[PDB]
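Take a look at this single chain in structure tokens; it is the form deposited in one PDB entry.
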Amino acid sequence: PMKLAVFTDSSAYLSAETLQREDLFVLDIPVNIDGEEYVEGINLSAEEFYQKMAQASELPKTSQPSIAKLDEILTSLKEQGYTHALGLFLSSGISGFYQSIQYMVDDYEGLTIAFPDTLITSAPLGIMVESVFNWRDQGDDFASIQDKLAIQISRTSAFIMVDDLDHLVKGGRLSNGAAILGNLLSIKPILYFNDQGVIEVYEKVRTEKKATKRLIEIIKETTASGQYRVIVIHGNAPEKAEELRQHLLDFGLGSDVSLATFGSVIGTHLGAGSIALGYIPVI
């Protein structure tokens, strides 16, 4: 008789079905712009965010989700009837949140808690959350859900292109960003999430048009051996996203092609004009 709660954070891109789940708890990630604190969905929209960021004197800054809030929810979970909790948070490679909460797994009597490192964010992370609920609805036990998540995590990644590397370098998430930035200004680098969940240069490509072709070739090879969802994700780049989506459809790549967007949390770090292809097994 497992009664399961699922946690994630607002860096995940969540479907309408998932957002309505009664056992889902989402931790907000605040964004500070020139000293003013915003939380998307409370006092900020994604459209407003890109206008504020373009106007701001300094780059926005994100903060980790609140460990105090997570504790507040976990402390009430037993009294709500829960026996298990699964936390699917943004990659340990892009935020210190994951490491800072590891103490919690044995801190709540009567609750079995697991925090797998997802090594991702955005739409693949939201698909992991949705998958957990679908597997639970299919009758999987806790250990089986953990195993299926591990399979997804092992075969999930994303390939990214940005208009301005300043957000990734000054925000600190591009591996070695400050040391390598000088050599990236004359080309269009393709970034990716490596096997440690860290954003790093995958390939240097001389033109944006050749980089776009490489994105398609990469996704074709990484998803060729099984059933994958591919997501075209953009931050204020809807024309480029539609072109990339159509290209994947013209060549029959992936078992599922969809669109998503970057809001305040990830747009702070990628900047406007960003595009990514994420992929994750269907299971």
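Residues carry their position along the shown sequence, with the first being 1. Here, rigid core means the biggest group of C-alpha atoms that superpose within 1.5 Å across both forms.
The same protein has a further form, the form deposited in another entry, not shown here; the description that follows concerns it.
Of the residues listed here (73, 104, 181, 198), only one shifts its CA by 2 angstroms or more between this form and the one not shown after fitting on the rigid core, and it is 181. Comparing the forms between this form and the one not shown, the C-alpha position of residue 258 differs by less than 2 angstroms, with the core used for superposition. Note: residue 196-residue 255 Cα separation is 3 Å or more longer in that other deposited form than here.
Whereas the displayed form keeps them at a certain spacing, the CA atoms of residue 266 and residue 177 lie at least 3 angstroms farther apart in that other deposited form.
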